[PDB]
Amino acid sequence: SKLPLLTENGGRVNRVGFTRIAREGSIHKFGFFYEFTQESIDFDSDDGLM
Amino acid sequence: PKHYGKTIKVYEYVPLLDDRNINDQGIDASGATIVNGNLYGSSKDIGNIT
């Protein structure tokens, strides 16, 4: 029922259109940290703690 | 030094002839077991020492 049949007379028949889409992504920020005192590394048994 | 906590410990070695040398190793001159293993300890009495 939707075939682009064309007659001998031509004319403005079977005009089509096009479209495009836009994709998108974004970045976000992350991070974490830890704290320590001088005594927690100086008096700690393990010198390789850090 | 580092990595040994905050406490310092040291041994004191009591002399053989001391009243606070309390041990159960005592065997007397005749071979009998005695309650003291420090000979006469801190005694200064001639009778006890003899």
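The chains referred to below are lettered A, B, ... by the order of the sequence lines, with proteins before strands, and numbering in each begins at 1.
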*Among all residues two or more places apart in sequence or in another chain, which pass the ring-ring contact (aromatic ring centres under 6.0 Å, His included) test with A:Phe33?*
none

*Separation of B:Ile34 CD1 from B:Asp24 CG (nearest 0.5 Å)*: 11.0 Å

*Counting only N and O atoms by type, is there a donor-acceptor contact under 3.5 Å from the side chain of A:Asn14 to the main-chain atoms of A:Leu5?*
yes

*Looking only at non-hydrogen atoms, find the nearest pair between A:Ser40 and A:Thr37 and report the distance.*
OG-O, 2.8 Å

*asked:* Keeping B:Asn21 on the side-chain end and B:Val14 on the backbone end, is there a donor-acceptor pair under 3.5 Å?
replied: no

*Nearest heavy-atom pair of B:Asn48 and B:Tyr40: which atoms, and what distance?*
ND2-CB, 3.9 Å

*asked:* Within this structure, what is the CD1-CG distance for the pair B:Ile49 and B:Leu39, rounded to the nearest 0.5 Å?
replied: 10.5 Å

*State whether the side chain of B:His3 and the backbone N or O of A:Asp44 hold a donor-acceptor pair below 3.5 Å, judged by distance alone.*
yes

_Counterpart residues, side-chain hydrogen bond (donor to acceptor under 3.5 Å, both in side chains), relative to B:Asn36 (two or more places apart)_ = B:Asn38

*Is there a side-chain hydrogen bond (donor to acceptor under 3.5 Å, both in side chains) between B:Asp28 and B:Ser30 once you walk through the steps?*
CA-CA 5 Å; B:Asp28 75 353; B:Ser30 90; 3.2 Å; yes

*Close side-chain approach of B:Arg20 and B:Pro15, heavy atoms under 4.5 Å*: yes

_Assigning hydrophobic clusters by single linkage (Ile, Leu, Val, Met, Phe, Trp, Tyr; side-chain heavy-atom cutoff under 4.5 Å), is B:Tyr4 placed with B:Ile8?_
no

*asked:* Measuring from atom CD1 of A:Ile41 to atom CG of A:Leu49, what distance do you get when rounded to the nearest 0.5 angstrom?
replied: 8.0 Å

*Check the hydrophobic clustering (I, L, V, M, F, W, Y; side-chain heavy atoms under 4.5 Å; chains of links allowed) and say if B:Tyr13 and B:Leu17 are grouped together.*
no

*asked:* Looking at B:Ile46, I'd like to know if its CD1 atom is crowded, meaning that more than 12 non-hydrogen atoms belonging to other residues, nucleotides or ligands lie closer than 6.0 Å.
replied: no

*asked:* Going by the rule salt bridge (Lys or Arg N to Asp or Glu O under 4.0 Å), which residues pair with A:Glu35 if we only count those two or more places apart in sequence or in a different chain?
replied: none

